[PDB]
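The chain below stands alone, shown as structure tokens; this is the form deposited in one PDB entry.
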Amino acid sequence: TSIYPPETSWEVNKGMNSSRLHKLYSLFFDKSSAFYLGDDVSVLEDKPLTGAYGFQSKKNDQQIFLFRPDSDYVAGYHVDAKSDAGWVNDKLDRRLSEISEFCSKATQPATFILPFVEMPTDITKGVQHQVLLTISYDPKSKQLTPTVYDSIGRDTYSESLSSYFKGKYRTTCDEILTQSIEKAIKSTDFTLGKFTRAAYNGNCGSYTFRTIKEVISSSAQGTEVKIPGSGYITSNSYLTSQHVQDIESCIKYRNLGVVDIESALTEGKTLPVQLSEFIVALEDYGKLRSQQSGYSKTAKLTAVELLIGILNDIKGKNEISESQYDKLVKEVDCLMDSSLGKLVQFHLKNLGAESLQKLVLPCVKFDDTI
């Protein structure tokens, strides 16, 4: 929908979708964030490209178009190689056709970044798998080179698939994808570069986001660096602790408009956290905590009720009372406890207060002696 609500009790291993990914896009101009791109400026209203955010290299003439993720960017493949290679969703195919059309007239070299999902359609229930397509066109060669970046793992000799059995089984959407790309060009104007697939090792989504950040930055120049066999040592150095906290904190604790994100990437901008986000995040915690899992559910709830109250009384033409501050001080230990704690900690860090007490201490009307 139009907003991207805080999902408490979300974590990296709980999977990615298009909305989440688009929400993480907000991290690109955040300086506190390990995904920050200062390799780049927003583009030149110039030539935009529908469905994609445009970028000029602070170093280069090189233009970088990064597509907003889409639920319809998807490729089904048949595992059984007797069946047809598969399908691509029509929108994806459309963006391919549109890229082709963009490059047919373009002076400056470019790189197009299309996060998508690939899935087996042969399996009783298949897993949708988050991966990354990038197409790079250069005007001198008239040449497009497709490349696809994939997380899951690499070729353990046991789970190694035989050359023979490769004849009988597809593990990827590569065949249908190559077909879609060759199809997007017939001016026969473009000589197609060679299709390649890069692999590592549902955390895959997070890796994909890191890869987007990598791909863009890596156009400073050369040397595309992903975990195995080229570049980074392990996937801990690549997707790091700060990377993971950044992502989880964005998705878990914030509340973001699509408008805020599009405005944030269509010009260079950070999106500072509003107090209203803190209120919404609390509210959501509240609504969840009343079902699932010491500190009793009823205690946690009374606490969040009170804190919400104080939090938006602050927002209005008013300022809070001595007695309300008393209650809050009674509640800070419940509020700093565990998950709810990590929540209020996120928000205090971003509102610039050391504690709740510090946060609400000003805006207290004391006028009564005692």
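Rigid core: the largest C-alpha set superposing within 1.5 Å between the two forms. In this text, residue numbers run from 1 along the sequence as written.
Omitted from view is the form deposited in another entry, to which the following refers.
Student: Any idea which of 142, 183, 166, 287 has its C-alpha shifted 2 Å or more between the shown form and the other one with the rigid core fixed?
Tutor: Per the superposition, the moving residue is 166.
Student: Would you say residue 57 moves between the shown form and the other one, meaning its CA shifts by 2 Å or more once the core is fitted?
Tutor: It does not reach a 2 Å shift.
Student: On a rigid core superposition, would residue 221 pass a 2 Å threshold for CA movement between the shown form and the other one?
Tutor: Yes; residue 221 is a residue whose C-alpha shifts (by 2 Å or more) between the shown form and the other one when the cores are overlaid.
Student: Taking the rigid core as the superposition reference, indicate whether the CA of residue 257 shifts 2 angstroms or more between the shown form and the other one.
Tutor: Superposed on the core, residue 257 moves its C-alpha less than 2 Å between the shown form and the other one.
Student: Against the shown form, C-alpha atoms of residue 175 and residue 164 in that other deposited form: closer or farther, for a change of 3 Å or more?
Tutor: Farther, not closer.
Student: Quick one: with a 3 Å or larger change, is the residue 167 to residue 183 CA distance smaller or larger in that other deposited form? Answer closer or farther.
Tutor: Residues separate in that other deposited form, at least 3 Å farther apart.
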